[PDB]
Amino acid sequence: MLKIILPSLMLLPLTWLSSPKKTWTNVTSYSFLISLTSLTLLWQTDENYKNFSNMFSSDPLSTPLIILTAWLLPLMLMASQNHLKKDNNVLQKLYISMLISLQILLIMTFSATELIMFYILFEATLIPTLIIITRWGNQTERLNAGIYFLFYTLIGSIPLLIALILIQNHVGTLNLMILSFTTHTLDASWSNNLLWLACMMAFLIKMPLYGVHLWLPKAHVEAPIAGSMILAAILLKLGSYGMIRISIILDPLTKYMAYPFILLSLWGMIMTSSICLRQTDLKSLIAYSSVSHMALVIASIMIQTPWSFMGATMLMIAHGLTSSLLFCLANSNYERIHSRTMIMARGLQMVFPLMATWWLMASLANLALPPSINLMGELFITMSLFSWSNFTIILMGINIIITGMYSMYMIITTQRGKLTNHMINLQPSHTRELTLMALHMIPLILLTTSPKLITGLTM
Amino acid sequence: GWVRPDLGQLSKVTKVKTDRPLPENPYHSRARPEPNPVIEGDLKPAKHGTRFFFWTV
Ligand SMILES: CCCCCCCCCCCCCCCCCC(=O)OC[C@H](COP(=O)([O-])OCC[N+](C)(C)C)OC(=O)CCCCCCCCCCCCCCCCC
Ligand SMILES: CCCCCCCCCCCCCCCCCC(=O)OC[C@H](COP(=O)(O)OCCN)OC(=O)CCCCCCCCCCCCCCCCC
């Protein structure tokens, strides 16, 4: 794991020592090489998990998240290159440093084998996202968005810290593999119910429920493109990863203690898809779509079926890729027009043909299309939920119908129709942003071609 | 035939001889309970380092 962490650590001296005319080139190229290096722990021949160190470990669950983070860092650099062109060199290098530190801390978080170290790196990732959102956001409400994001996360995470220290004082180790082996059943008391709530609510805040979710649209609207990318593609999945990790020591009482959150997830995915239907902001629409998909992930992890876990992992990776792609496309239009109003730019398929192709493919990934890991994850989540109770299929069907409706509504209202001819400042395309869309979409095709990698722990 | 003592003669120690036995336990002292069993041995290093959470060393 150190062979991946240390080059990413040395990215920062490269960033601060590179010439100002070569900084973006050097950091982007070496971060691509670091992702290529991070591809090496897919070499999983045996069923044994790759335990490199006494503190670092690999997993069929942790590996796709690490590879996605290492892949997404150069994509964030490419996306954030254009909107920092009229900026001080020190500020540009500081922004690149924030992105690189996010990548380092997230790789360490996913590869950490101890829950307390996972918590430390969890809040360590909480810091530079706040700095990015507040310092480089565009509108006034970035400060409110940062406050909401930070303190939703912290009020979630403090009972998680209390619960982790309780578990460490009880069993003596707080190591994931020792807990997984000598896990102990809980005697179903009110203290154990509160312990379950304390160790769940941090991750239930971090990936959005129907309740606490109000920080996500604010942060996504007010964040720059790299911040939206890192949030919607890694941090919600970080909450899901934490839930999958910590659910193993709560064996007997999850089967009744998970009831309110399953209902909250299903009805909330319906309501957030409805908001996507009647939403006037493109980034808000993508954010609420992310809430709906993560609600599906919450329901699968709560019902704790092998099909549910596999579908949860597939939906995690697929949703990260397609949400980053949608955010990048919306950011390209926003860099053209300097407004996120959805109804204002309408006939963009006329002037941007292949960007419209990327829009069409991104929306076909957003809805569940059967040659895609999106439909793979959503379909196996549906199968596990219907096994859990047959009446969940009604909520699933309503969610799928509204999902198709808001995705095709997005395509029709922002690409098709008569072109708003008054918008003179529609530059043709940047090879950079077309490359950005291609680097989002081609991994979706490859993971569709071989979905055994995205299958998680259970099979 | 008595001689009055000098200026500094009555104010010194005398070393009087007696046959009364010396009291072996003045103050009627109690058992004086034994101290703690001090641990002896070679100072080996701490096992597996500090054992503070995830710190290996
Ligand atoms: C962001 C989400 C916030 C809301 C949900 C938070 C969790 C709600 C349910 C848990 C109770 C509150 C958090 C306790 C954290 C520690 C849990 C734990 O270790 O439980 C086992 C312990 C019990 O320890 P034990 O299990 O060792 O008990 C001994 C048991 N025998 C003898 C059988 C071995 O629970 C507690 O000690 C709970 C005491 C809580 C006192 C403080 C309450 C503060 C107010 C509550 C809400 C706080 C968050 C919201 C603040 C406002 C936000 C707007
Ligand atoms: C793992 C975590 C990932 C997280 C995100 C990572 C992003 C960065 C990725 C960096 C590169 C990693 C690539 C990972 C995928 C690799 C794909 C691959 O080569 O898979 C192997 C597969 C053959 O292997 P095999 O063992 O036969 O497959 C299982 C069979 N039991 O090979 C093949 O089958 C050949 C594949 C290449 C040849 C071209 C395929 C063209 C497919 C066209 C599809 C058209 C339809 C698309 C519809 C889309 C709709 C939305």
# chains A, B, ... in the order shown; residues from 1 in each chain; ligands from 1
call {"tool": "residues_near_ligand", "arguments": {"ligand": "ligand 1", "cutoff": "12 Å", "atoms": "only C-alpha atoms and all ligand atoms", "output": "NGL selection string"}}
result
:A and (148-171 or 186-206 or 208-209 or 211-213 or 257)
call {"tool": "interface_residues", "arguments": {"of": "chain B", "to": "chain A", "cutoff": "9 Å", "atoms": "only C-alpha atoms", "output": "list in words"}}
result
residues 53, 54, 55 and 56 of chain B
call {"tool": "residues_near_ligand", "arguments": {"ligand": "ligand 2", "cutoff": "7 Å", "atoms": "only C-alpha atoms and all ligand atoms", "output": "JSON, numbers by chain"}}
result
{"A": [39, 42, 63, 64, 65, 67, 68, 71, 317, 361, 364, 365, 369, 371, 372, 443, 445, 446, 447, 449, 450, 452, 453, 454]}
call {"tool": "residues_around", "arguments": {"residues": "residue 400 of chain A", "least_positions_apart": "2", "cutoff": "12 Å", "atoms": "only C-alpha atoms", "output": "PyMOL selection string"}}
result
chain A and resi 266+269-270+273-274+289+292-293+296+366-369+375+378-379+382+393-398+402-407
call {"tool": "atom_distance", "arguments": {"atom1": "atom CA of residue 57 of chain A", "atom2": "atom CA of residue 230 of chain A"}}
result
22.7 Å
